[PDB]
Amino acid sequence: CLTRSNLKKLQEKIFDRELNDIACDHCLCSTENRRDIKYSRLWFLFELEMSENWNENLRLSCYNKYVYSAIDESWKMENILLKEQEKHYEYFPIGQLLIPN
C-alpha cells in the first residue's frame, strides 16, 4: 500500500544513492553542481535534460542507472529524446542539449 512511512523510506534510500552513488566524470551530475542549487528542480528537471553522449539525456544515462536501476534492476525509463516533435508544441532545437567536446 501507499503510506507516509513508505514514502519516507523510499525517499531516504533514493537521496542516499543520489548523494554519493552517482559515480561519473560528468560535470552536471557531479555533487559539486548540486550544492550550487538549492532548488533541485533546476538540476534534476532542467540540467539533466542535457545529453553527454547525444543519445540519452543525463537523467536516463546517469541518474536512472545509478539511482533507480540500482534499487530495482527492472525499473524502466524511456528516452524522451527519441520522441516525436509533436505538432501543437513549439519547436525544440535539440542542439541546445548536445554538449560539445
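Residue indices: 1-based, along the sequence shown.
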Between 83-91 and 19-27, the record assigns the higher mean Cα B factor to 19-27
Looking at the deposited entry, does 29-37 or 56-64 carry the larger mean Cα B-factor? 29-37
Please place residue 51 in the lowest, middle or highest third of its chain according to the CA B-factor in the PDB entry. lowest
For residue 99, the third of its chain into which the C-alpha B factor falls: middle
